Structure formats: C-alpha cells, structure tokens
Amino acid sequence: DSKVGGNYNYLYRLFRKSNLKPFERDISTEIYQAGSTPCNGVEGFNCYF
Amino acid sequence: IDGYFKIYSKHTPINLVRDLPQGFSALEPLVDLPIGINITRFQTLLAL
Amino acid sequence: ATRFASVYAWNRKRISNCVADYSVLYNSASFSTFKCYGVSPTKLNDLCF
Amino acid sequence: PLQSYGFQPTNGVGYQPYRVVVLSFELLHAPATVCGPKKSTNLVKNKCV
C-alpha cells in the first residue's frame with residue numbers, strides 16, 4: 001500500500017459532526033462546518049472537506 | 001494541601017495583659033491560593 | 001498588539017488566574033489559519049487548563 | 001546569524017508578513033488557573049428540573 005512519492009489511494013474521515021454508532025458507515029462528502037459561519041458548499045475558514 | 005495554600009482567620013475583642021484567653025471561636029476561611037510551591041519553614045514579619 | 005516579536009526572539013505571555021472565551025477567537029474569522037492539536041477547537045471553550 | 005525580512009506591501013503573499021499566535025495549554029494534576037466560561041442558562045423555580 002505504499003510507493004515512492006507517497007500513495008494516496010486510501011482516505012479517512014478527519015471531521016464529523018458526531019461520533020459514529022457501532023458498525024456505522026458514512027460516505028458523505030459534504031464540507032464540514034466547524035464554526036458559526038456557513039460554508040455555502042465551498043472550503044474556507046472553519047469550512048473543511 | 002491538595003495543591004493549594006489555604007488560610008483561615010478570625011478577629012476578636014479582648015481585655016487582658018498576658019496569655020491566650022479562654023473560650024471557643026471558629027476561624028472562617030480567608031483565601032485559597034492555587035500555588036504549587038514546597039513549604040517547610042516560615043518566619044514572622046514585624047513593624048518597628 | 002501594535003508590534004510583534006521577531007520570530008528568533010518569540011515572545012511568551014503566561015495566561016493564568018482568568019476566565020477565557022475562546023469562542024470569541026474562533027468565531028472572529030479574522031484568521032487565515034486556526035489549527036488545534038490534541039484539543040478540538042469547539043470543545044476548547046468547555047475545558048479548564 | 002540573523003537575517004532581516006524585507007516586507008514590501010507589493011510582495012507576493014508567500015513573501016508577505018504573517019502574524020502568528022500559538023496558544024499552548026497544559027493539563028496536569030496542578031490546579032486549573034484558567035477555565036472557559038461555561039455559559040449559564042436562565043434560572044427557574046418550583047418545577048422539577
């Protein structure tokens with residue numbers, strides 16, 4: 001699973017609104033709003049993929 | 001104790017020439033310093 | 001502050017014996033970067049140090 | 001050993017000055033000299049709450 005220059009085939013969820021329930025799966029790609037400011041579907045301050 | 005330096009006090013009127021007076025009086029908590037230093041000795045400060 | 005330190009002589013101020021409100025910082029939106037390590041930026045306001 | 005930054009306002013953003021503040025929090029058995037505000041609710045009476 002590794003290669004020179006780095007393999008990026010594998011992803012992991014870095015941000016979520018709440019912890020997953022047992023054996024739960026979440027494939028959503030909606031930009032996470034960490035702050036009070038809305039993200040309008042684009043990355044920005046407190047708005048990260 | 002428990003990570004603090006803790007102080008209690010009370011002041012009372014007396015009329016005596018010498019020695020600690022009789023009777024009961026409970027000291028109230030004064031201040032509760034969150035200070036971590038080690039202490040093993042002390043000395044009194046006096047006004048000339 | 002009007003003048004910051006040179007990075008070779010980076011200033012340190014101790015913050016203590018006080019009540020914080022990190023939400024005022026995090027919601028300021030004045031900042032280009034706001035990264036927290038080990039502590040979540042949101043839960044930071046619900047915690048003591 | 002020290003070199004000065006040349007900050008002209010017309011420089012590219014990678015060469016422009018950035019201010020940084022790093023907040024370092026320590027968690028210990030020592031007393032909590034700093035804590036967050038723990039924002040209160042209104043107070044209500046004569047009801048099971």
# chains A, B, ... in the order shown; residues from 1 in each chain; ligands from 1
>>> residues_around(residues="residue A:15", least_positions_apart="4", cutoff="9 Å", atoms="only C-alpha atoms", output="MDAnalysis selection string")
chainID A and resid 32 34 48:49
>>> closest_atom_pairs(of="chain B", to="chain C", cutoff="12 Å", atoms="only C-alpha atoms", output="CSV")
residue,atom,partner,partner_atom,distance
B:33,CA,C:17,CA,10.3
B:34,CA,C:17,CA,8.9
B:35,CA,C:17,CA,10.9
>>> write_last_selection(atoms="N, CA and C atoms", output="short mmCIF file (atom, residue, chain, number, x, y, z; two decimals), in the first residue's frame")
data_model
loop_
_atom_site.label_atom_id
_atom_site.label_comp_id
_atom_site.auth_asym_id
_atom_site.auth_seq_id
_atom_site.Cartn_x
_atom_site.Cartn_y
_atom_site.Cartn_z
N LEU B 33 -5.09 29.87 47.84
CA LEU B 33 -4.11 30.17 46.79
C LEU B 33 -3.76 28.93 45.97
N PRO B 34 -3.93 28.95 44.62
CA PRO B 34 -3.62 27.80 43.77
C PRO B 34 -2.13 27.64 43.44
N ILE B 35 -1.28 27.69 44.46
CA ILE B 35 0.17 27.79 44.31
C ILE B 35 0.83 26.46 44.68
#
>>> closest_atom_pairs(of="chain C", to="chain D", cutoff="6 Å", atoms="only C-alpha atoms", output="CSV")
residue,atom,partner,partner_atom,distance
C:16,CA,D:33,CA,5.2
C:17,CA,D:33,CA,4.6
C:18,CA,D:34,CA,5.4
C:19,CA,D:35,CA,5.3
C:20,CA,D:36,CA,4.9
C:21,CA,D:36,CA,5.8
C:45,CA,D:36,CA,5.0
C:46,CA,D:36,CA,5.6
C:47,CA,D:36,CA,5.8
C:48,CA,D:35,CA,3.8
C:49,CA,D:32,CA,5.0
>>> interface_residues(of="chain B", to="chain D", cutoff="12 Å", atoms="only C-alpha atoms", output="list in words")
residues 1, 2, 3, 4, 5, 32, 33, 34, 35, 36 and 37 of chain B
>>> select_by_dssp(residues="chain B", states="strand (DSSP E)", output="PyMOL selection string")
chain B and resi 5-9+28-33
>>> closest_residue(among="C:9, C:29, C:24, C:36", to="chain A", atoms="only C-alpha atoms")
C:29
>>> atom_distance(atom1="atom CA of residue B:15", atom2="atom CA of residue B:43")
27.1 Å
>>> interface_residues(of="chain A", to="chain C", cutoff="10 Å", atoms="only C-alpha atoms", output="compact mmCIF listing (two decimals) with C-alpha atoms, in the first residue's frame")
# COMPACT_ATOMS: atom_id res chain seq x y z
CA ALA A 34 -16.76 23.71 12.18
CA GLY A 35 -17.87 27.24 13.05
CA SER A 36 -20.92 29.51 13.04
CA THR A 37 -20.18 30.80 9.53
CA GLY A 44 -13.00 28.35 3.72
CA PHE A 45 -12.44 29.49 7.28
CA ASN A 46 -13.87 26.80 9.59
